[PDB]
Structure formats: structure tokens, C-alpha cells
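Asker: Coordinates for the following, if possible.
(chains A, B, C, D and E, ligands or ions: 2)
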Amino acid sequence: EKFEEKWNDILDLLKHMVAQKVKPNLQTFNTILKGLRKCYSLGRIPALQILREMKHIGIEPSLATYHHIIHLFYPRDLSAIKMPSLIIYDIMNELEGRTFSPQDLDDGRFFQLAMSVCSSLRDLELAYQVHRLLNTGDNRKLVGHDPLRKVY
Amino acid sequence: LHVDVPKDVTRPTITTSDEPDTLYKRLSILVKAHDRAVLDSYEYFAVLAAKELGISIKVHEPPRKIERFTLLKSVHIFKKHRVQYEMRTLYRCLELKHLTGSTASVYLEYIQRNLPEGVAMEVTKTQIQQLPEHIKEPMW
Amino acid sequence: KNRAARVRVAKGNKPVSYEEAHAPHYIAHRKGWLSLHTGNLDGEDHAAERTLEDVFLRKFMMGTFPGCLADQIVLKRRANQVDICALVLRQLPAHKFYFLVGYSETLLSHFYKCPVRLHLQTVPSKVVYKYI
Amino acid sequence: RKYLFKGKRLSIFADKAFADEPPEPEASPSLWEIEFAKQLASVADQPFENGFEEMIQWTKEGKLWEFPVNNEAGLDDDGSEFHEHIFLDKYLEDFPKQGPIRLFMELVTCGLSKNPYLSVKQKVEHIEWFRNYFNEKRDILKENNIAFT
Amino acid sequence: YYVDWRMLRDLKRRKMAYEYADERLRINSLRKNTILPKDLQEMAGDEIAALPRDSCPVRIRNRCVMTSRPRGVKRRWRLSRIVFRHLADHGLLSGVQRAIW
Ligand SMILES: [Mg+2]
Ligand SMILES: [Mg+2]
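Answerer: Numbers count the residues shown, from 1 in each chain, chains lettered A, B, ... in the order given. Ligands and ions are numbered 1, 2, ... in the order given. Here you go:
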């Protein structure tokens, strides 16, 4: 019923992960962010905090981890199109030239979502960056499956 | 591709070891085929490939072999009437010189993977090594 | 008179392909070999096994593509790879060919323990070299 | 403004001064871990883009020969050595040290040393066969003045 | 099904000679020498005789694998002269041509 209670509960599971000397993995953070996509409005500050904690721990954000932050910051059913967020530009700068490998089950989803956000913003310069990232190394393998390859 | 080009193509990992490398004084590659034209095209591909990697190469044509045998033309009797068949083997020898063991593996793979159908190779590596440490010093 | 592999003359109404028109004495002169392997070269082994495999591979493709073969198949062996190149008439629907290719490759790769690939070039109809 | 890596963090966890302390294979791969790996591969599973990619896959699966060609690839005769194949007189200790049986077994072991089509284990079986054969024929040998074992 | 009953008997002769190859080698070695007592050689002469007749490797006949023809076979291809000519005259043997010279 209450998000604040719900969020504090999930955090309690994380606090018991340190009491038992259990270190989190990439999937742990990806799972938390995938859950946050429900509360677009209130999940923005929590979601960014997770990614900062991911780097400090030493876990490297994968394509799936950004796929979830984009959904949470650029809703498809977004009435407030007047002033969209600029995070997509920073993400692409962060990932410029990096090569990625399969490390999660949502890595394929990232590219299809990134192009969609480019079409919504009508920025063709950003679309070139996204496609340019797809061509570096063997990133082409994470474009997506049959449903998401033709959408991209 | 006109506008869409790979950006940073991935390249295989080549790690230099600490083991010393083999030294091949000579490396004779005898290709065999029923067709002379195929050997001419393969000889051009192999000589061009060697020259592009810095390898020293020479080519000569060993004499061809023709194996002929006779068979009985009829199914029954008619002994004196026969049919003869032959198989022709043609050779092209690519004699390489002064190759390290890494250069001989990459070259042989590249040319062996591109060996046309109907062509057989016979590589004859000739390694050069020092004397055995025991033999170096006479011990009674 | 010699009868071997000779398509005889009738009244000028019998279509024959280039392969059929040429008698055995034109082999290596006007027409090449349908199979190309290294087993009949000098000092080479396993000729009998390559020849037996070819006989079977030709009967298999005839039955698997009944009435869909425009000409004899060409077999190409490189390393342990086998390549079957067949001219096939455009009779069957396109999706049916994709089924028979996947089936014939997997079945012949698990039967001879080598990678087998099928190469199909579709012709509108049999190509006639001459009418004899 | 919305800096991706500048700002407050959860801070529930601490910097990993100790990293990956427990080994990745804490136990033999479970069904849960074995199946998750199969799904990770499918994430990047795309069809072949050219004949090179197809041949690479066949090579990883053992379907296609490795190059340069090695006619003895995967063919190790129990990790033996030349001295094991060539010097076989150690196995003739049970046999008489001299006499006709020794003279015969010398010829037998000489041929076995020059046999490239048999393994060391198979060659020993040939020697063992004669040991039991002569043991059975102890009575005939004794008549001929040959003493076996 | 094999081509005929003659090819079937040959196949069994070839499979029983493979089983008794080591045995017939070890026993026959005791006979092909002059270093062992003649009493042992006379006894080994009967142990080899007692083995089944189909183990003897001289009872194998090379037959065309496709027609089971006993004579006229070419050992490199294992085919009769009639079957070989059908494959050769159609361009189906790799590198075989007619001999004109
Ligand atoms: Mg019958
Ligand atoms: Mg005989």
C-alpha cells in the first residue's frame, strides 16, 4: 500500500546482505531498478543513487542497467513532453566507444529503447551516437531479437 | 557499405609467450591436383600471400604422373575389346625459407583453409635446433 | 557400337543437357567432373570410402527432392566439409525448400560425421544444350 | 544537473576492499546456475553473418578441423614415451633368464618395439599371453630340459 | 539386407577373423621359428587347427561392395569392372578419365 514502507523493506534485505557478509552482484541491482519502473515519478532519485552505489562497490553497469534507467526517466506514455530529461545524452557520452558483452537478460532491450527515445526527442545527432555505439566491437549482437531488431 | 561502417572492429588476442620459437630452415609445400589451371591459380594466391607477409618463396613444377589401367569393356566375353582409364596428378612445389614457427603456422593455416576442392597438400617442415646438452660435452 | 553414357539420336525432338550430350571420351576435354575430392590423386587413401559416400549422396538427394532436380548434383569436399551443389526446378514452394535443406543437412551430417552444406540454385526450367 | 556519477548514493554498502572472497564455483554448477548461463548466451545469440562466423562456430564445437592440419590431433597413446614402446625387456623378468624361452621372447619383444600400431598396454598383453601359455605347458617344457617359472 | 547370401557369408568371415587375429598371431608365432622345442610346435600346430575355420584369413574374398561380384574387382575402389565403368563414364569419379595416348 505504501511505497515508503515497500522501499524500506527492500533496503532491509540489502542490509541483511551485509550482516551475513554476502556481496551483491549485477543482477541484484538490475532487479531493484526493474522494479522501480512502476513508480516513474518517485523512482528517479532512488534509481540514480543505485547507479552511484554500483560503481563504488565495483560492479560495472551493463546495457541492461541503463535500459532500466531510461524507462524510468523517459516514460513512453509521457504527457510532459515540453521539457524532457537530458540523461540520455549523458549516458551515451558515458558509453561512447565501450564494448559490452552479455551479462544480464535485458541487455538486448537497451538499444531498441535508446532509439525510441531518440525518435521522441527528434534528435538525429543522438541517433547517430546510438548506432555508432552499436557498431563498436561486437555490440551488434545485442541489438535485440526478431521483435526488437525490426523496431530499432 | 556507403555510410554505415564498423567503428572499432574487434581483433583476436595475440599474446607473446616466453618460450623460444621454432626456426624452420626450409618448408616445402607440395600441392597435388588433377587440374593444372587450379594449381596455377593456387600458386598465384600462395606466392602473393607469402610476399605480403614477408616470406621468401620459390616455385617449381615436379614432373606429372599419369597412372593408366585397363578394364574389360564387355560384361561377358569379348576379351580382346578393352577400355582404358587414367588418373593424372600434377604437382606444384612452394619452397619457403627462413621461417619462424609463428610465421609458418599462420601462413599454413591461411593457405590450407583456402585449399580448393580436389587439391591435396604435403607440407615438409625442416626445423633447425641446437645440439643436445648432453652431447655438447663428452661424459664418460 | 559403344553404349556407355551415350544419349542416342532420335528425330531431333529429344532435349539433352550439356552434361548428357557429351560421351565419356569428352570427360576432362569438354566437361569436367561432378565430384572433386583428393582420394584419386597419386599416393592418396580412402578412395573407396569417398566413392561409396558419393553413390549414396546422389540417391539421397534424388529421393529427398523428387522431380525437383534439374541436373546431376556436384559434390565438393574441402577438409572434412562436404558441399552439395544442385540445380533444382522451381516447382516446390519456397518454404518447403527451407525445410528440406535443414533436414538433409542435419541428417547427412549425423550420418557421415562431417559438416554437410546444401547449395541450391533454382532454374525456371531444365536448360537444353541441344535437341538431338 | 543530472550527473550520472555525481551526487548522493544509497551508502547501504561499503567500498569492496575485499572482493570476490568466496569462489565462483562454491559448489558444482547447480541447475539454477547452469540454466542462467544458457540464457545469457541467448541474449547475444544472433545468426551467422558470413561463412567466417559459421566456420568459427564449427571450430568451437569441434565439427571443423583446426588449422594448420595436425594428423595426430587428439591422438595421444595414453601419454606414453618412446622408451616405454622401445625397451620392453622389463616385462620378461618372470621368464627364464636364459635358454630357448629367453631366445624366443627376445624375438617377440623385438617385433613389439617396432610395432607402431599397438599401444604399450596392448604390447604388454602379448607378453602376458606367453607367460601364461608356457606356465600351462610346464610339463612338456620339463621333458625338453627347459624350466619355466 | 546385403546384396546376396554370398556377401553375407563373407561379412561374417571378416568379422570372425578380426576377433581371432591376436589369438592366431600369438599361436602361429610359436610355429614360425626354430628356437622352440618341436614338441611345443607340434602342439601349437593343433591349437591353431582347432580354432573355427571362419577365423582363417585366407577364406575372405574381395567382392564388389555394390554387386557382390567375386572377380573383376579393383581393390582401390572395391568395385567391379562393370560398376566402376558406370561411375567413371558418367563423370562421377573424381579425377578418373579415359586414357587416350
Ligand atoms: Mg538375387
Ligand atoms: Mg582368395
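Asker: switch to C-alpha atoms for all contacts and neighbour counts from now on
Answerer: Fine.
Asker: Name the residues of chain D found near chain C, please.
Answerer: D:63-65 (C-alpha under 8 Å from any C-alpha of the partner chain).
Asker: Check chain E too.
Answerer: So far as C-alpha under 8 Å from any C-alpha goes, chain E lies against chain C at E:76-78, E:86, E:89-98.
Asker: Among those residues, name the ones that also lie close to chain B.
Answerer: Near chain B, by the rule C-alpha under 8 Å from any C-alpha, you find E:94-98 out of those.
Asker: now the residues you listed as JSON lines including distance to residue D:42 and neighbour count?
Answerer: Below are those laid out as JSON lines (distance: C-alpha to C-alpha, whole Å; neighbours: other C-alpha atoms under 10 Å in any protein chain shown):
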{"residue": "E:94", "distance to residue D:42": "42", "neighbour count": "26"}
{"residue": "E:95", "distance to residue D:42": "45", "neighbour count": "27"}
{"residue": "E:96", "distance to residue D:42": "48", "neighbour count": "23"}
{"residue": "E:97", "distance to residue D:42": "51", "neighbour count": "25"}
{"residue": "E:98", "distance to residue D:42": "55", "neighbour count": "19"}
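Asker: Can I get those in TSV including secondary structure?
Answerer: Shown next, in TSV, are those (DSSP: H, G, I helix; E, B strand; the rest coil):
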residue	secondary structure
E:94	coil
E:95	coil
E:96	strand
E:97	strand
E:98	strand
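Asker: before we move on, the earlier item: now distance to chain B too, for the residues of chain D next to chain C, in CSV please.
Answerer: Below are the residues of chain D next to chain C laid out as CSV (distance: C-alpha to the nearest C-alpha, whole Å):
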residue, distance to chain B
D:63, 15
D:64, 11
D:65, 10
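Asker: Give me the subset of those residues that lies in strands.
Answerer: Using DSSP state E, no member of the residues of chain D next to chain C falls in strands.
Asker: wait, residue A:90 sits on residue D:4?
Answerer: Yes. At 7.3 Å, residue A:90 and residue D:4 qualify as touching, with contact defined as C-alpha atoms under 8 Å.
Asker: Show me where chain C has its strands.
Answerer: C:15-16, C:35-36, C:74-78, C:81-89, C:116-123, C:130-131.
Asker: hey, which helix is longest across chain A?
Answerer: helix A:3-19 (DSSP state H).
Asker: Give me the contacts around that one.
Answerer: A:23-24, D:12-13 (C-alpha atoms under 8 Å, 6 or more residues apart in numbering or on different chains).
Asker: same question, stretch D:13-25
Answerer: A:15, A:18, A:23, A:53, A:56-58.
Asker: Name only those of those residues that count as buried.
Answerer: A:23, A:53, A:56-57 (16 or more other C-alpha atoms under 10 Å in any protein chain shown).
Asker: what about residue B:36, distance to residue B:50?
Answerer: Distance, residue B:36 to residue B:50, by C-alpha to C-alpha, to the nearest Å: 21 Å.
Asker: Report the central residue of the chain.
Answerer: Since no chain was named, I'll use chain A. residue A:66 (2.1 Å; C-alpha atoms, centre = their mean).
Asker: show me what contacts residue D:144?
Answerer: Residue D:144 touches residue E:37, counting by C-alpha under 8 Å, 6+ apart.
Asker: Write out the residues of chain B neighbouring chain C.
Answerer: So far as C-alpha under 8 Å from any C-alpha goes, chain B lies against chain C at B:32-34, B:65, B:87-89, B:115-120.
Asker: again, only using 6 Å
Answerer: B:89, B:117-120 (C-alpha under 6 Å from any C-alpha of the partner chain).
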